[PDB]
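Engineer: let me give you the complex in parts, starting here:
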Amino acid sequence: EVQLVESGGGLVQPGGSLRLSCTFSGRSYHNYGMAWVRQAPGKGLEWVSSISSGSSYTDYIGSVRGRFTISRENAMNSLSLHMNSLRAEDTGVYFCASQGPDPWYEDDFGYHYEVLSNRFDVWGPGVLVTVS
Amino acid sequence: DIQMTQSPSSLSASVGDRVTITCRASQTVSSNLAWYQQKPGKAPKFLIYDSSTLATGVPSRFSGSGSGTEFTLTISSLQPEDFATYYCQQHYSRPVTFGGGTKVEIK
């Protein structure tokens, strides 16, 4: 089974650089894309950003373009959201979620691909982020 | 941009009842739609993808109408572990966005 944990969230003044971190407690992290999903209290889930397993296809939602930074280090099985320039409307629970493991299309030799297959297979327990 | 919405906002049902939740998209998506369950006090869980394929850990009381664009989620029988909030998403193209969500309640 795949399990995850978040850490670093808390309360910080507006305009801060409150970073977030997710850890992957499982095997085969080399071929998992990952994403962050926001949830303001009472409202629906909102997609924040995504980074492929190879870290070459980072993508974001337009509501945070240019502000946020998503990074990962395969050598230590972790995902780091280096969020910068927060504002109060960013308040809401943050979940780190991992896209399904990369497709396997054995045709000629081994073949692992690098889609951002936007199915959030597993979600970590979540960590609160509040700005006031 | 793929606007997504669900209707009705919430439904009423009881254990043993057949349940149905509807999700609609402004733009067309062939079969790339998925669902989640969010028990309050816990992060979401993965239910259905490709609009018809079940998740690895889902007890198979669920099924998705994976045709056209009137995507809908149906439950053969309602049990208390299924008595929680629900979400639908398109995973055809980015940016991803989840509908307003829907909730179930006692009948």
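Structural biologist: Structure received. Numbering: from 1, shown residues only, chains lettered A, B, ... in the order given.

Engineer: list the contacts of residue A:53.
Structural biologist: Neighbouring residues of residue A:53 by C-beta atoms under 8 Å, 6 or more residues apart in numbering or on different chains: A:30-33, A:102, A:114. Placement of C-beta: from N, CA and C, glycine included.

Engineer: quick check: ChimeraX command selecting the buried ones in the residues you listed.
Structural biologist: With 16 or more other C-beta atoms under 10 Å in any protein chain shown as the criterion, this ChimeraX line picks the buried residues out of those:
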select /A:31,32,33,102
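
Engineer: nearest to chain B among the contacts of residue A:53?
Structural biologist: residue A:33 (11.9 Å; C-beta to the nearest C-beta).

Engineer: for the closest residue to that closest one other than its chain neighbours, list each beta-bridge partner.
Structural biologist: In this structure, residue A:33 finds its nearest non-sequential neighbour in residue A:99, 3.6 Å apart by C-beta to C-beta, 6 or more residues apart in numbering or on different chains. Beta-bridge partners of residue A:99, counted by DSSP bridges, are residue A:120.

Engineer: surely residue A:99 and residue A:123 touch.
Structural biologist: No - Residue A:99 lies out of contact with residue A:123 (C-beta atoms under 8 Å); the separation is 11.6 Å.

Engineer: also, this goes in as chain C:
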Amino acid sequence: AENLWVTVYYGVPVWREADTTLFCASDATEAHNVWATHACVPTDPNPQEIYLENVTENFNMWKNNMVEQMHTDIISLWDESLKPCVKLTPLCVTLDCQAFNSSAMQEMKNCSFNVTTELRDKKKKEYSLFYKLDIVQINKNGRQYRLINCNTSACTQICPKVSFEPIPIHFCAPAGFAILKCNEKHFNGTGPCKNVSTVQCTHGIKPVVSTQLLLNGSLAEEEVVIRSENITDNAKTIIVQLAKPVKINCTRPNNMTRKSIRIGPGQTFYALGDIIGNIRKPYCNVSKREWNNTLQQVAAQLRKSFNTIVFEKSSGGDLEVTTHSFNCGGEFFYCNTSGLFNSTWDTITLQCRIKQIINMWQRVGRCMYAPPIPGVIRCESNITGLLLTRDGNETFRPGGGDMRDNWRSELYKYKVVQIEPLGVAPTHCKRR
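Structural biologist: Time to bring in chain C:
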């Protein structure tokens, strides 16, 4: 008796027509450029010191084999220098493409292809911009393109660690030889020169490559000059040379960015990135009046041989040859010239296209992929000749012929000759 005996002199002025290899010399940061001064012998830029009188010699630039051995040697250098950087064999994959599209112009395609990452186990789909001239169709439905050259050769990128910017090249004969320099004003190539000198090495020869026009080239001292092996027959190109040059300005007003792709292990392929700033087609400037005037000049020399004159667009061929192709700023061009040679006897625009995949030479077995240069491009150069041809009411059209005719515009004055330092004649003197 007349009392005469053989007398031997060492150092006599006697010379013989000869053919021999020559060695490069050039003017004075590692790996610099393809015309390497570190490959040439710098030698000396100012030989000078010569004068000659009362000599007459017969030149034939149309059979001056100095150009031919030089012709092959220049290709050998260019072929040799492409050894160390990558072969684009992995780039032969089916390309899925979309319209360039807004963020709306054309002549480019948003082509994406599959490429292997650091490990063979895993792959990634990259995206890039390619010109339509670099691509051909496979399925008529409008997708699944193919690269132009993959059915003929695995192309080499022009890796920018060594550039193509041409420095002047001095050609030197080896010890025991000299180069006779015909020095008249109106010396049209073949026949007996009457004002001649010599020199150890030629002046700065620009290793330019172009078609239908000569750029940064030699100039006749005064009055335009024309050269042809024959005028009655129309098989071979006629070379025109301008004493009064006309400036030509080129530009690519687009801040095109460069995108690096890890195509192979340790090999970096270069492809076009996003376009920054405004959008414009590449075009060239030549000024009206300033340009139109020179055609009034050349017409005189044509009709000095032919008992009205008209100039018309390119006779025909592939886009390789129906165009003024040249290099400007490190990115190759292929332009029209139909807006100039359209006359009978404010800047006038020449809008045209760029290519990344080039062959230049008639030899198709070698390919070169020139990566884009970051930022806008512009350059100014002197036009000093044409490569026209006769149609035979008699019109002309700008031909290109085979490449080597460009060189003869720079080497017509020079003839390599061997020195026979020994001469013997009878004299009344006698050995003691």
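
Engineer: nearest residue to the residue in chain B that chain C sits nearest to other than its sequence neighbours?
Structural biologist: Residue nearest to chain C within chain B (C-beta to the nearest C-beta): residue B:93, separated by 13.3 Å. Nearest residue to residue B:93, sequence neighbours excluded (C-beta to C-beta, 6+ apart): residue B:2, at 6.7 Å.

Engineer: now do the contacts for the one you found.
Structural biologist: B:25-27, B:29, B:90, B:92-93, B:97 are the contacts of residue B:2 under C-beta under 8 Å, 6+ apart.

Engineer: which of those residues tops the neighbour count?
Structural biologist: residue B:90 (25 neighbours; other C-beta atoms under 10 Å in any protein chain shown).

Engineer: who are the neighbours in contact with that one?
Structural biologist: Contacts of residue B:90 by C-beta under 8 Å, 6+ apart are B:2, B:4, B:25, B:29, B:32-33, B:96-97.

Engineer: just grab the bridge partners of it for me.
Structural biologist: residue B:33.

Engineer: quick revisit: taking the contacts of residue B:90, tell me the two that lie furthest apart.
Structural biologist: By the measure C-beta to C-beta, B:32 and B:97 form the most distant pair in those, at 13.2 Å.

Engineer: chain D should join the structure above:
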Amino acid sequence: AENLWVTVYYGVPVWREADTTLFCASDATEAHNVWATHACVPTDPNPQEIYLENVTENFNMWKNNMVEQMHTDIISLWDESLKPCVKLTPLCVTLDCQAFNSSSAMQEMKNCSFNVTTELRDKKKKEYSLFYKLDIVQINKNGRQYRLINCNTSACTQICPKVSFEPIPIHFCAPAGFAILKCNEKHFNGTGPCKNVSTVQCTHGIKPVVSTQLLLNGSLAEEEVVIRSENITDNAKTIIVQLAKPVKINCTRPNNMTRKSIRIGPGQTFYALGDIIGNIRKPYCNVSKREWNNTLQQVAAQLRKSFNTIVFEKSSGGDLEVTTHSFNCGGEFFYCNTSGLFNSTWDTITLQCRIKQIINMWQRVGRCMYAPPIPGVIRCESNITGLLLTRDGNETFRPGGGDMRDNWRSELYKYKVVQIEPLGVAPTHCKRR
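Structural biologist: Time to bring in chain D:
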């Protein structure tokens, strides 16, 4: 004495054995070939064979430096010439194969079909072509999915069809200051003195012919057959024969085969056997008796002079390149049987035999070559001039060979490369004034 004084004479006729770098020379002449015969040096105008009368000199073909420095140099021509040509590495794939049939039964082949990459790197294509059984192997005993022979040691070059490799006369010229002496004895057996000797600037025509168990298109002995060896007594030495009467031979591949072209990769094209025009018939060599009957008896008569009755026998064993007569005809390599040729003890004899596309051609087993098949009917007429025999050690003889450089010894034995020593010092009545 008269207190005689040392004196220097510049230009004395004296010489010394030496090792030196020879270079090519050829007649003028056309076409592009594997040999770098691009004008080498022009052949000799009226070649000057100057006779060195009255002077005794010695030759030793088995220690001559010419063959060693040349066989190690001839390999470079093929390597240097085949460096640009396509390597068939991508062609190493599993081959679907079934027994060949066509309108008239012909053994040694299978109409194999296989997967290869198309012009693009990532798009396979179904292609098929005919293959000789000698150059194909089965992956497993199940009886399907065959494979090429060369893929488990080295994928190897295809010879570019645009370059020919038919032998042409090559003159080996010693550099200025050296000379090449020639032995002209009638009965010279590879070693010892030569009573009649001359010198030349370059050797006469030597043809880079490659063959085994039989010389082809060699230099004919003017009269009387001769046998040459390092030492007759031991069986470890090749027994080179040089015929006097050139028994003729004709060989052919009667089938009119078609050259089928297949695209392998970017700028790479591969040629393989295609459809056959005509009817089935085995390739063979064509020699006449009487002519061969005479020489085999004649050579044996000269052989037993060193053994005070003679026997000939079929090859002993080993690989095909040693057990079989290898040679070239029209662009395809024939390895041919010769069993009936040596069928004697003391009209024509037909030698049916086969082709192989893939060859090694040297003991440089790492190197390998694939010869593209030649379209149309192929026919050669050739001369035999020598036999590469071996002895077991009444006597029995077999065609041997094994080594390639013995083919040069059969022509280079007449030459020695020698350095001119123009300075000599001797006493004289002079005293310098």
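
Engineer: for stretch C:129-144, measure first residue to last.
Structural biologist: Stretch C:129-144 has an end-to-end distance of 15 Å (criterion: C-alpha to C-alpha, to the nearest Å).

Engineer: next one: that stretch to chain centre, how far?
Structural biologist: Mean-position distance between stretch C:129-144 and its chain equals 30 Å (C-alpha atoms, centre = their mean, to the nearest Å).

Engineer: got the buried residues for that stretch?
Structural biologist: Within stretch C:129-144, the residues that qualify as buried are C:129-131, C:134-135, counting by 16+ other C-beta under 10 Å.

Engineer: hey, where'd the strands end up in the stretch 251-400 of chain C?
Structural biologist: Along the stretch 251-400 of chain C, the stretches classed as strands by DSSP state E, counting those that start in this stretch are C:255-264, C:267-276, C:283-287, C:310-311, C:324-328, C:331-335, C:343-344, C:347-351, C:353-354, C:357-358, C:368-369, C:377-386, C:388-390, C:395-398.

Engineer: kindly report the same for chain B.
Structural biologist: For chain B, applying DSSP state E gives strands covering B:4-7, B:10-12, B:19-25, B:33-38, B:45-49, B:53-54, B:62-64, B:72-75, B:85-90, B:103-105.
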